[PDB]
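Shown next, in structure tokens, is the structure this report addresses.
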Amino acid sequence: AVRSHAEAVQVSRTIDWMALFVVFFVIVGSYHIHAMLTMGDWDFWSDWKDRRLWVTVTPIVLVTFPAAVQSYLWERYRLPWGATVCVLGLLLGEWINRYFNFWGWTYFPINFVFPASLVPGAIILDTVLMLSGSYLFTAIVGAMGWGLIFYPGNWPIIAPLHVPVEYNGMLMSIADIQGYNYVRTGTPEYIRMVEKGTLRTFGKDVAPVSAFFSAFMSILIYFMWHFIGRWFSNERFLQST
Amino acid sequence: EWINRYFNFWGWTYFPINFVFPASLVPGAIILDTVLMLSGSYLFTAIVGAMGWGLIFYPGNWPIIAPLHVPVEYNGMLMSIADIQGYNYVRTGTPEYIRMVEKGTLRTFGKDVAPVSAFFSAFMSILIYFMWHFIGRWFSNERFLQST
Amino acid sequence: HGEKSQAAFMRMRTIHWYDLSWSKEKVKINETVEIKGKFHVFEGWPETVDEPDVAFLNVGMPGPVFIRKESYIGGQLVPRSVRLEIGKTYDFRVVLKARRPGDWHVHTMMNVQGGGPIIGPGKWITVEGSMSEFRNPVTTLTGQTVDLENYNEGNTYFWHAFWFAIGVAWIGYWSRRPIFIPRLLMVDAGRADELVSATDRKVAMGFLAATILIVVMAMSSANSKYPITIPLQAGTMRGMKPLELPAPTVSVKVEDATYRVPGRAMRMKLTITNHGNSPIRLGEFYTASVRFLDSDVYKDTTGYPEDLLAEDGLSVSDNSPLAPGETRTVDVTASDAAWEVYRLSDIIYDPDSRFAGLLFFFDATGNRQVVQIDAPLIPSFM
Amino acid sequence: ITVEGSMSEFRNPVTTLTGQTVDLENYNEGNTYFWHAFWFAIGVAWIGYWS
Amino acid sequence: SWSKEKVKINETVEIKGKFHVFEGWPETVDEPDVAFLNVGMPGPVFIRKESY
Amino acid sequence: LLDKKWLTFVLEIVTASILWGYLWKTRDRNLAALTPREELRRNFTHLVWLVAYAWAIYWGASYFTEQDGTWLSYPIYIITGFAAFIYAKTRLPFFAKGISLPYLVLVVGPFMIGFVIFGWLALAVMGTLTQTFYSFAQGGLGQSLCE
Amino acid sequence: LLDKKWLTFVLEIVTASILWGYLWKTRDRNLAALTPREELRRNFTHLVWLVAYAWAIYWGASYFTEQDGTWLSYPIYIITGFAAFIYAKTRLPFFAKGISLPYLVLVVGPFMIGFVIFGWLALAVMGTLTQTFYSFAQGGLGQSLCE
Ligand SMILES: CCCCCCCCCCCC(=O)OC[C@H](COP(=O)(O)OCC[N+](C)(C)C)OC(=O)CCCCCCCCCCC
Ligand SMILES: CCCCCCCCCCCC(=O)OC[C@H](COP(=O)(O)OCC[N+](C)(C)C)OC(=O)CCCCCCCCCCC
Ligand SMILES: CCCCCCCCCC(=O)OC[C@H](COP(=O)(O)OCC[N+](C)(C)C)OC(=O)CCCCCCCCC
Ligand SMILES: CCCCCCCCCC(=O)OC[C@H](COP(=O)(O)OCC[N+](C)(C)C)OC(=O)CCCCCCCCC
Ligand SMILES: CCCCCCCCCC(=O)OC[C@H](COP(=O)(O)OCC[N+](C)(C)C)OC(=O)CCCCCCCCC
Ligand SMILES: CCCCCCCCCC(=O)OC[C@H](COP(=O)(O)OCC[N+](C)(C)C)OC(=O)CCCCCCCCC
Ligand SMILES: CCCCCCCCCC(=O)OC[C@H](COP(=O)(O)OCC[N+](C)(C)C)OC(=O)CCCCCCCCC
Ligand SMILES: CCCCCCCCCC(=O)OC[C@H](COP(=O)(O)OCC[N+](C)(C)C)OC(=O)CCCCCCCCC
Ligand SMILES: CCCCCCCCCC
Ligand SMILES: CCCCCCCCCC
Ligand SMILES: CCCCCCCCCC
Ligand SMILES: CCCCCCCCCC
Ligand SMILES: CCCCCCCCCC
Ligand SMILES: CCCCCCCCCC
Ligand SMILES: [Cu+2]
Ligand SMILES: [Cu+2]
């Protein structure tokens, strides 16, 4: 068995550290895969970070894993930082790769290939979860907060990249100039699913309307992935694979 | 398939048998059945036997269709024996443009069309087998409803 | 470098590049090298590739070793996607500025909406110096000059580090106490209702309010500083001016084409019809990034790459000058090691054995007429 | 269009680039029959063994 | 050109003119392969008798 | 002793054969005769094996996957996962006598890696970890915890 | 006797009416008073009716369906299936006192035959056949079997 009280606490602390390690890295791997093959195209390039498609899509496909991890961690240990550990791990992997391969192997500038920020969304999702522990209240309010605060969260970073510039007779943004200058062999300009204008966009409402649509779709995706995580949390003992 | 090919495709109409022959799947069935009973694990079956079914399909039919791929110069254009057969024997309801066949792509590198497609079919067959195992499991219920 | 892998016929009949010239072969850092030439979109565009209704003029290089300073189709800047018409001829000019020292294979590629990359012929360009000397200045409409190599880098690092630090502080606050097993046991054995109590709720309210408040002030400061902002510029540019090539006076109809399997030669039969009033001579056969030249007729002086150039790889059975009005049938053979080096002989593996190319006819005066040929390609084995 | 005769007289010759002339009416028919019959026999043998 | 500025009920007012489709049609809007000549008014206050 | 320093510390097909076989051939037949101290000692080693899995997944699914995006590890974490499967199924009790559904999904999903659907299966680590926690709190559950 | 030679052996609407009515009007009211020998005798006839269904489906869904592809039986197997439904529901015991879900799906799916979804419902023959096997092994289960 175990000898005494204090060394039992030491064993529990060692288990705590090892479990934190394993969960953190498994979430990094899986969530990184999902973000890469659902959203990574928009997160790669500053000129790709538009205001309609990027804002619409990123929260919808990025609330998936935080929902499941929250639904498990809260229900099983009263730990309100699942969304946090997911976002921090994704950002860690993204930044390590940006600095080691995007800038180390290749030489794309960091201000050109910087990733998106989601820590405010994770923090809101985690507080609205633990406070008022109602999962439905979380999926209603915290998901709306995650969707709404995404673009204003990244505004301090991308705002300097939207300064108008007259580039050889055509108006360009700093992000557009960066994309034009630093070539991307595999990612030409026409692939950029960005705001190209519509005859049904009234006034200055592209960012808010997209933000609200992303918030509602994030509510739906959170509601789905809570149940997906609930099953991913089973302890079934099958007897015949 | 064979009864109909010989009685209607060749009896009512007159499409040649070497033109309307069906595909062979007995090797896939045999592999799926052995990998099932041996190592009775259903997950092991869905992983290995499905891969075998997907991978051995085209090499299984290669002995039959290989003679039909001999290049031929037909009136100034290169054609295969199968292409010549399709050009000669007319199909009123099935024109050439309907043929969802390999038409080339700018992202097919070297000689890999057959293997890449075979592996993709194998993985998708794994997924479909995993789904249809559960569909069959329900199709195997003995429920006694009391009020249709 | 992404070629010699794409489909053989697809490289042969997609887009033909000619008149290519490179301003420099060896450059130092911050020097500008310009690539000029003309590309012709083939009339018989393959069905499996979408028509170039939305296309981009790109440059194929191993990473941003050169920055694309400028790019023109015709006479206008083309920083965004453009529309190309089938069969028309355009000329292009791309300005490249050195950024990374070393040897790079600069390819002038084309990207189409539903067909992926279209790699053109590439020339080796040597770059000497160091990356530290590279500068990319730009002047905005606000009235400030900034270097794109490090613009906003400090701000991005600061904001990302601040948010990561906030997340780390949160997780450390909730990880100071024992984490997994004791808390699981508390929540399992009866109601826990002890792991979340004041002042945990109060500090959580503090974190939430602080996050919202910091986001709000950060958005209002990024609105005060840099008060003039515009959205990202995008949208395909139509109305691209094509080159008004004169109508060729030479009519060529191909009577079958064969190539040896295995082999390095392409054999074909031609019936050249000469109109006008000049005696012409066939000098070149550009099929896919490979120029088969007849040394007795024309010689390449544009610094075209050696591995893509056949100085005497084109042999004509009867290359005597053709009098105007006179028509004759001749046998044309194009043999070179490049035909197998770039795997132009793998079209037997391809499901569409057709070829297209350009023939350059030169007369005594020295000018040339460009004509285009296409015909089924029948391999020979015996 | 009226056609007179019999189907047995019909011939569809073709010459390949390999250097052989084959009739498309019965080319590869024997090989197809043999392979299909062999695979069907293998399946029947398996099911009979387990039956 | 507008035929009339003030009309009574059952009177007919005719709008004439020419419209030119721009060569540089925006990509985000589909080409006018299928288009309709309509009239923008606050409800059927005018009935479109004819259109050419 | 308890947790040691194992934590700090063609070929792919070959390495899988010995590694999977070695753990399976040396299987403990008398799983009943386990002292809780010996259970706790071996129990750490199982968690150490999962630590190797976490490093392999992150090195495999995070570093190299986007490395293709800029443009081995998949079999590496495949081997680690399947080896740890036999490892816990034979050495750790309460985890034998029945295949754990979440842990099986964990070892199979990332193995057969369409990637979006199949990267979701790595979320089974949560159920795996709570099952391993229940294995932790079998003999050495207390006291301290719940007291 | 047991199995006999029945195995070897506008109009569509009309034939359905009598065939369905005849089996239903002659229904056995005292299903309790069945000797197992009489149960076994009638039990073969129910399997013979399913044999007619199998011939009708193959003639209907295999021969004539692709016959359209080269370019009656659907109502034929509809009638056979529904007639056999009343047949087993009235004559065979342990199959009454509740509609069998798989056998109902079997008789309805191919009846309402989009065809890809609805051809899947013919897989209910498996549950139907195991239920009919349990009906087989009610009185005449042994001995021999399980001995
Ligand atoms: C729990 C809930 C958490 C909510 C988190 C929201 C943080 C505050 C952001 C306010 C933005 C705003 O109102 O301003 C609108 C403008 C966009 O306007 P535009 O028409 O595109 O023109 C451009 C104008 N620029 C140049 C000044 C930016 O701002 C943005 O760029 C972000 C728009 C999407 C988010 C909308 C959130 C609305 C409040 C939600 C809570 C009731
Ligand atoms: C339990 C698992 C069962 C596996 C069953 C596979 C049977 C063997 C077939 C080998 C084919 C091959 O390797 O050769 C590749 C070539 C295709 O090449 P191509 O680039 O299209 O060029 C054409 C070259 N011709 C002219 C010689 C054909 O063959 C084929 O036509 C079949 C390709 C798809 C199947 C790939 C299976 C790979 C092995 C899988 C097991 C590890
Ligand atoms: C694709 C989206 C996710 C779908 C997940 C579906 C999982 C459904 C549940 C499951 O695993 O099925 C178990 C059965 C075998 O059951 P039994 O062998 O009867 O086990 C007895 C105990 N038990 C019934 C409680 C399990 O089925 C089996 O034969 C096991 C199949 C393999 C399961 C592990 C791999 C899962 C990959 C998604
Ligand atoms: C399209 C893809 C396949 C979907 C199949 C869904 C089947 C769901 C189960 C089912 O049949 O539903 C039964 C209920 C009626 O139940 P009850 O009358 O309460 O019967 C009591 C006993 N029982 C609850 C165990 C059945 O519902 C009913 O009222 C019966 C509906 C008719 C079932 C037979 C036809 C199925 C066609 C697909
Ligand atoms: C490739 C995709 C895998 C499909 C998933 C199926 C497996 C999932 C369930 C599972 O792992 O169970 C198999 C055993 C666990 O013990 P059991 O399944 O109870 O049976 C033990 C006896 N057996 C070794 C012959 C199986 O585990 C083992 O014994 C494995 C070790 C022995 C194999 C070593 C040889 C392999 C060399 C390549
Ligand atoms: C180049 C490949 C070297 C792999 C070396 C494998 C070491 C052998 C695996 C093994 O059985 O255990 C090694 C350690 C310590 O656990 P052990 O106690 O030795 O395992 C048996 C438990 N028992 C003693 C009570 C019977 O358990 C561990 O935690 C070792 C983790 C090693 C990381 C996984 C490396 C896999 C790379 C493909
Ligand atoms: C068209 C699609 C069919 C929808 C599926 C619904 C039927 C599925 C369940 C079913 O077959 O049960 C009905 C009875 C079985 O006995 P019960 O349902 O227990 O009720 C018997 C009394 N009843 C005859 C008035 C119904 O079975 C019969 O009694 C049928 C024989 C009597 C009908 C003969 C007249 C029809 C002539 C056209
Ligand atoms: C032209 C249409 C002629 C259809 C003739 C239907 C024959 C009457 C149906 C029938 O009730 O049973 C006939 C045979 C033998 O079973 P029976 O014993 O006569 O049925 C009643 C059982 N009982 C005597 C214990 C009360 O049971 C069978 O296995 C007969 C199978 C007939 C094949 C189905 C033909 C349907 C074509 C639409
Ligand atoms: C679209 C979200 C659907 C969620 C289903 C929840 C089912 C829970 C069963 C326990
Ligand atoms: C689409 C979300 C469905 C999640 C499945 C959860 C099932 C739980 C059963 C215990
Ligand atoms: C995507 C994960 C959803 C898991 C499927 C639920 C099936 C469990 C039935 C017992
Ligand atoms: C895509 C395959 C989903 C399989 C679901 C299995 C559910 C089984 C419940 C008994
Ligand atoms: C998509 C596969 C779902 C199969 C349904 C099986 C349900 C079984 C419940 C007993
Ligand atoms: C396609 C067949 C799947 C059957 C549906 C399962 C529903 C059964 C719920 C009791
Ligand atoms: Cu190159
Ligand atoms: Cu051309």
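Labels for the structure tokens follow display order: chains A, B, ..., residues from 1 in each chain, ligands from 1.
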
What are the residues of chain A lining chain C at 7 Å or less? Count only C-alpha atoms, and put the answer as a ChimeraX atom specification. /A:12-13,16,47,50,76-78,81,84,88,106-111,117,119-120,123-124,127,131,152-153,155-157,159-160,162-166,172-173,176,180-183,185,188-190,196

Could those residues be written to a file, using N, CA and C atoms, as a compact mmCIF listing (two decimals), in the first residue's frame?
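Written out: again.txt:
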```txt
# COMPACT_ATOMS: atom_id res chain seq x y z
N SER A 12 0.57 11.94 -4.83
CA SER A 12 -0.54 12.59 -5.52
C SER A 12 -0.06 13.79 -6.33
N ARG A 13 0.90 14.55 -5.80
CA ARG A 13 1.44 15.69 -6.53
C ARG A 13 2.19 15.24 -7.79
N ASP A 16 -0.31 14.36 -10.24
CA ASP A 16 -0.89 15.58 -10.77
C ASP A 16 -0.04 16.15 -11.89
N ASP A 47 -2.51 38.69 -44.68
CA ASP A 47 -3.44 39.05 -45.75
C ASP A 47 -4.63 38.11 -45.82
N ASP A 50 -8.78 38.10 -42.91
CA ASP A 50 -9.76 39.09 -43.33
C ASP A 50 -10.71 39.37 -42.16
N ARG A 76 -15.71 16.23 -13.79
CA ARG A 76 -14.97 15.18 -13.10
C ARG A 76 -14.02 15.67 -12.01
N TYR A 77 -13.62 16.94 -12.02
CA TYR A 77 -12.72 17.43 -10.99
C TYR A 77 -13.00 18.85 -10.52
N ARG A 78 -14.04 19.52 -11.01
CA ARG A 78 -14.27 20.93 -10.73
C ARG A 78 -13.05 21.77 -11.12
N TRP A 81 -10.51 25.10 -16.29
CA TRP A 81 -9.50 25.63 -17.20
C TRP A 81 -9.26 24.72 -18.40
N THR A 84 -8.91 26.89 -21.38
CA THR A 84 -7.59 27.57 -21.23
C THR A 84 -6.48 26.62 -21.70
N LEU A 88 -4.02 27.51 -24.80
CA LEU A 88 -2.60 27.71 -24.55
C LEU A 88 -1.76 26.67 -25.28
N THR A 106 11.97 27.89 -43.69
CA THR A 106 11.69 29.00 -44.59
C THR A 106 12.06 30.31 -43.90
N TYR A 107 11.72 31.43 -44.54
CA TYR A 107 12.01 32.72 -43.94
C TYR A 107 10.85 33.69 -44.09
N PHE A 108 9.64 33.21 -43.83
CA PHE A 108 8.48 34.08 -43.76
C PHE A 108 8.54 34.92 -42.50
N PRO A 109 8.30 36.23 -42.59
CA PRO A 109 8.41 37.08 -41.40
C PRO A 109 7.36 36.73 -40.35
N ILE A 110 7.74 36.93 -39.08
CA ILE A 110 6.84 36.62 -37.97
C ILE A 110 5.62 37.53 -38.00
N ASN A 111 5.82 38.82 -38.28
CA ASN A 111 4.68 39.72 -38.40
C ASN A 111 3.79 39.38 -39.59
N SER A 117 -5.09 35.09 -31.68
CA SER A 117 -5.17 35.05 -30.23
C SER A 117 -6.56 34.61 -29.79
N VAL A 119 -6.89 33.50 -26.16
CA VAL A 119 -6.89 33.45 -24.70
C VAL A 119 -8.07 34.20 -24.08
N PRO A 120 -8.45 35.40 -24.55
CA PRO A 120 -9.66 36.02 -24.00
C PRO A 120 -10.91 35.16 -24.14
N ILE A 123 -10.69 32.39 -21.56
CA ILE A 123 -10.91 32.90 -20.21
C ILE A 123 -12.39 33.15 -19.97
N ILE A 124 -13.06 33.78 -20.94
CA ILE A 124 -14.49 34.03 -20.79
C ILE A 124 -15.25 32.72 -20.69
N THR A 127 -14.68 31.19 -17.13
CA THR A 127 -15.35 31.91 -16.02
C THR A 127 -16.86 31.68 -16.12
N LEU A 131 -18.45 29.98 -12.80
CA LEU A 131 -19.50 30.85 -12.28
C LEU A 131 -20.81 30.47 -12.96
N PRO A 152 -12.32 41.71 -31.81
CA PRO A 152 -11.74 42.77 -30.96
C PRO A 152 -10.53 42.31 -30.18
N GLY A 153 -10.43 41.01 -29.88
CA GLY A 153 -9.25 40.50 -29.22
C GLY A 153 -8.01 40.59 -30.08
N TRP A 155 -7.79 42.70 -32.66
CA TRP A 155 -7.66 44.05 -33.20
C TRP A 155 -6.37 44.75 -32.79
N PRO A 156 -5.90 44.69 -31.54
CA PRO A 156 -4.63 45.34 -31.21
C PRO A 156 -3.45 44.83 -32.02
N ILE A 157 -3.49 43.57 -32.46
CA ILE A 157 -2.37 43.01 -33.21
C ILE A 157 -2.46 43.39 -34.68
N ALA A 159 -4.40 45.76 -36.18
CA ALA A 159 -4.71 47.15 -36.49
C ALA A 159 -3.55 47.86 -37.19
N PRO A 160 -2.30 47.72 -36.74
CA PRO A 160 -1.20 48.37 -37.47
C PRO A 160 -1.01 47.86 -38.88
N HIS A 162 -3.38 47.43 -41.08
CA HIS A 162 -4.46 47.91 -41.93
C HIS A 162 -4.29 49.36 -42.33
N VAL A 163 -3.08 49.89 -42.22
CA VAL A 163 -2.82 51.28 -42.62
C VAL A 163 -2.82 51.37 -44.14
N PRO A 164 -3.64 52.24 -44.74
CA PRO A 164 -3.68 52.33 -46.20
C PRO A 164 -2.35 52.77 -46.78
N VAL A 165 -2.00 52.19 -47.92
CA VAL A 165 -0.76 52.52 -48.63
C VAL A 165 -1.05 52.58 -50.12
N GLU A 166 -0.51 53.60 -50.78
CA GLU A 166 -0.56 53.69 -52.24
C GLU A 166 0.64 52.94 -52.80
N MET A 172 -3.44 49.66 -51.18
CA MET A 172 -3.16 48.38 -50.56
C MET A 172 -3.03 48.57 -49.05
N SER A 173 -3.30 47.50 -48.32
CA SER A 173 -3.05 47.49 -46.89
C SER A 173 -1.65 46.94 -46.61
N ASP A 176 -1.78 43.31 -47.13
CA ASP A 176 -1.80 43.02 -48.55
C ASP A 176 -0.42 43.21 -49.18
N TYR A 180 1.78 40.38 -50.98
CA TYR A 180 2.24 40.59 -52.35
C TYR A 180 3.75 40.42 -52.45
N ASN A 181 4.50 40.93 -51.47
CA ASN A 181 5.95 40.89 -51.49
C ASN A 181 6.47 39.49 -51.21
N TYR A 182 6.17 38.96 -50.02
CA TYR A 182 6.65 37.63 -49.67
C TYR A 182 5.79 36.58 -50.37
N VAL A 183 6.38 35.86 -51.32
CA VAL A 183 5.61 34.97 -52.18
C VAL A 183 5.27 33.69 -51.44
N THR A 185 4.28 30.00 -52.71
CA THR A 185 4.14 29.18 -53.92
C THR A 185 2.86 28.36 -53.89
N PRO A 188 -1.74 30.84 -53.68
CA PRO A 188 -1.96 32.04 -54.49
C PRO A 188 -3.10 32.90 -53.96
N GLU A 189 -3.25 34.06 -54.59
CA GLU A 189 -4.19 35.07 -54.10
C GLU A 189 -5.64 34.64 -54.26
N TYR A 190 -5.97 33.92 -55.34
CA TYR A 190 -7.37 33.58 -55.56
C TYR A 190 -7.91 32.63 -54.51
N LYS A 196 -14.83 39.91 -50.39
CA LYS A 196 -14.72 40.44 -51.73
C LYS A 196 -15.86 41.37 -52.10
```

Please identify all polymer residues within 12 Å of residue B:15, counting only C-alpha atoms, omitting same-chain residues fewer than 3 positions from it, and present them as a list in words.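 Non-adjacent residues within range: residues 4, 5, 6, 7, 8, 9, 10, 11, 12, 18, 19, 20, 21, 85, 86, 88, 89, 90 and 91 of chain B; 24, 25 and 26 of chain D; 70 of chain G.
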
Take the residues that were just selected and, keeping N, CA and C atoms, output them as a short mmCIF file (atom, residue, chain, number, x, y, z; two decimals), in the first residue's frame.
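Wrote out.cif, looks like this:
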```
data_model
loop_
_atom_site.label_atom_id
_atom_site.label_comp_id
_atom_site.auth_asym_id
_atom_site.auth_seq_id
_atom_site.Cartn_x
_atom_site.Cartn_y
_atom_site.Cartn_z
N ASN B 4 -27.75 -11.81 -65.50
CA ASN B 4 -28.31 -10.73 -66.30
C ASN B 4 -27.41 -10.37 -67.49
N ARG B 5 -26.09 -10.34 -67.30
CA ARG B 5 -25.19 -10.05 -68.41
C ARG B 5 -25.41 -11.02 -69.56
N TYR B 6 -25.64 -12.29 -69.25
CA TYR B 6 -25.75 -13.30 -70.30
C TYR B 6 -27.17 -13.41 -70.85
N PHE B 7 -28.18 -12.98 -70.08
CA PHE B 7 -29.56 -13.18 -70.53
C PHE B 7 -30.17 -11.92 -71.15
N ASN B 8 -29.78 -10.73 -70.69
CA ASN B 8 -30.38 -9.49 -71.15
C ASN B 8 -29.37 -8.59 -71.85
N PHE B 9 -28.20 -8.37 -71.25
CA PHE B 9 -27.18 -7.57 -71.91
C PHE B 9 -26.69 -8.24 -73.19
N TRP B 10 -26.68 -9.57 -73.21
CA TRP B 10 -26.26 -10.33 -74.38
C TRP B 10 -27.41 -11.06 -75.06
N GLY B 11 -28.50 -11.33 -74.34
CA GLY B 11 -29.64 -12.01 -74.93
C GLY B 11 -30.63 -11.07 -75.59
N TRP B 12 -31.16 -10.12 -74.83
CA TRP B 12 -32.11 -9.15 -75.36
C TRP B 12 -31.38 -8.17 -76.27
N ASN B 18 -17.20 -9.69 -73.23
CA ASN B 18 -15.93 -9.06 -72.89
C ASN B 18 -16.05 -7.54 -72.77
N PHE B 19 -17.15 -6.96 -73.23
CA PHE B 19 -17.43 -5.55 -73.06
C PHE B 19 -18.24 -5.24 -71.82
N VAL B 20 -19.11 -6.15 -71.38
CA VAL B 20 -20.00 -5.88 -70.26
C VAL B 20 -19.73 -6.84 -69.09
N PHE B 21 -18.52 -7.38 -68.99
CA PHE B 21 -18.21 -8.27 -67.88
C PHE B 21 -18.24 -7.51 -66.55
N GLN B 85 -13.69 -0.67 -77.83
CA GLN B 85 -14.94 -1.39 -77.66
C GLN B 85 -16.08 -0.43 -77.35
N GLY B 86 -15.84 0.53 -76.45
CA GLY B 86 -16.86 1.51 -76.14
C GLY B 86 -17.19 2.41 -77.31
N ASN B 88 -16.94 1.56 -80.54
CA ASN B 88 -17.61 0.76 -81.56
C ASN B 88 -19.03 0.40 -81.15
N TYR B 89 -19.17 -0.33 -80.04
CA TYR B 89 -20.50 -0.72 -79.59
C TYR B 89 -21.18 0.46 -78.91
N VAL B 90 -22.23 0.99 -79.53
CA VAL B 90 -22.83 2.23 -79.07
C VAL B 90 -23.70 1.97 -77.85
N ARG B 91 -23.76 2.95 -76.95
CA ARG B 91 -24.64 2.93 -75.79
C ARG B 91 -25.49 4.19 -75.86
N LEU D 24 -12.64 -8.11 -81.90
CA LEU D 24 -13.27 -7.55 -80.70
C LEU D 24 -14.54 -8.28 -80.30
N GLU D 25 -15.10 -9.11 -81.18
CA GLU D 25 -16.31 -9.85 -80.83
C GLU D 25 -16.06 -10.90 -79.77
N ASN D 26 -14.86 -11.49 -79.74
CA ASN D 26 -14.55 -12.53 -78.77
C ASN D 26 -13.18 -12.36 -78.12
N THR G 70 -30.72 -2.17 -68.61
CA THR G 70 -30.48 -2.52 -70.01
C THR G 70 -31.33 -1.68 -70.95
#
```

Could you please extract the residues within 7 Å of ligand 11, counting only C-alpha atoms and all ligand atoms, and hand them back as JSON, numbers by chain? {"A": [228, 231, 232]}

Across B:1, B:127, B:52, B:66, the smallest distance to chain F, with only C-alpha atoms counted, is shown by B:127

Within 12 Å of stretch 33-48 of chain D, counting only C-alpha atoms, which residues qualify if same-chain residues fewer than 4 places away don't, as a ChimeraX atom specification? /B:1-2,6,17-18,21-31,33-34,60-65 /D:26-29

Would you list, as a PyMOL selection string, the residues of chain B that end up in helix (DSSP H, G or I) under DSSP run on this structure's backbone? chain B and resi 2-9+17-20+26-37+42-69+81-88+96-98+113-138

Dump as a PyMOL selection string the residues of chain B that approach chain A to within 8 Å, counting only C-alpha atoms. chain B and resi 41-44

Export N, CA, C and O atoms of the chosen residues as a compact mmCIF listing (two decimals), in the first residue's frame?
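Wrote it out as selection_20.txt, contents follow:
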```txt
# COMPACT_ATOMS: atom_id res chain seq x y z
N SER B 41 -11.66 -10.64 -33.27
CA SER B 41 -11.86 -9.24 -32.94
C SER B 41 -12.47 -8.48 -34.12
O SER B 41 -11.86 -8.39 -35.19
N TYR B 42 -13.67 -7.94 -33.90
CA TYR B 42 -14.34 -7.17 -34.95
C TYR B 42 -13.57 -5.91 -35.30
O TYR B 42 -13.56 -5.50 -36.47
N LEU B 43 -12.95 -5.26 -34.32
CA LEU B 43 -12.13 -4.08 -34.62
C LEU B 43 -10.93 -4.46 -35.48
O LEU B 43 -10.60 -3.75 -36.44
N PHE B 44 -10.26 -5.56 -35.14
CA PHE B 44 -9.16 -6.03 -35.97
C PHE B 44 -9.63 -6.36 -37.38
O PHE B 44 -8.93 -6.10 -38.36
```

Name the residues, by chain letter and number, that sit within 8 Å of ligand 3 using only C-alpha atoms and all ligand atoms, and give them as a ChimeraX atom specification. /A:236-241 /B:41-43,127,130-131,133-134 /F:101-102,104-105,108-109,117-118,121

Can you pull out the residues contacting residue F:77? Cut-off 8 Å, using only C-alpha atoms, and skip same-chain residues under 4 positions away; I want them as a PyMOL selection string. chain F and resi 53+56-57+60+73+81+111

Compute the chain C side of the contact with chain D at 8 Å, counting only C-alpha atoms, and hand it back as number ranges by chain. C: 380-382

Near-ligand residues for ligand 7, threshold 12 Å, only C-alpha atoms and all ligand atoms, as a ChimeraX atom specification: /B:144-148 /G:10-27,29,75,78-79,81-91,95-113

Any residue with an atom at most 6 Å from ligand 9 counts, using only C-alpha atoms and all ligand atoms. Which are they? Put them as a list in words.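 Taking only C-alpha atoms and all ligand atoms into account, the residues around ligand 9 at most 6 Å away are residues 223, 224 and 227 of chain A.
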
May I ask you to write as a list in words all residues lying at most 10 Å from ligand 16, with only C-alpha atoms and all ligand atoms counted?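 Using only C-alpha atoms and all ligand atoms, everything at most 10 Å from ligand 16 comes to residues 12, 13, 14, 15, 16, 17, 18, 39, 40, 41, 42, 43, 44, 45, 86, 87, 88, 89, 286, 287, 356, 357, 358, 370, 371, 372, 373 and 374 of chain C.
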
Residue B:111 environment, 10 Å, only C-alpha atoms, sequence neighbours closer than 3 positions dropped, as a PyMOL selection string: (chain B and resi 108+114-116) or (chain C and resi 5+7+346+349-350)

Distance criterion (only C-alpha atoms and all ligand atoms): nearest to ligand 1 out of A:171, A:35, A:148, A:26: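 Going through A:171, A:35, A:148, A:26 one by one, the smallest distance to ligand 1 is for A:148.
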
Within 6 Å of ligand 15, which residues show up when you count only C-alpha atoms and all ligand atoms? List them as an MDAnalysis selection string, please. chainID C and resid 1 105 122

To check your reading of the model: which residues sit at most 7 Å from ligand 2 when counting only C-alpha atoms and all ligand atoms? Write the answer as a list in words.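 Here is the list of contacting residues: residues 48, 49, 51, 52, 53, 55, 56, 58, 59, 62, 111, 112, 113, 114, 115, 118 and 119 of chain B.
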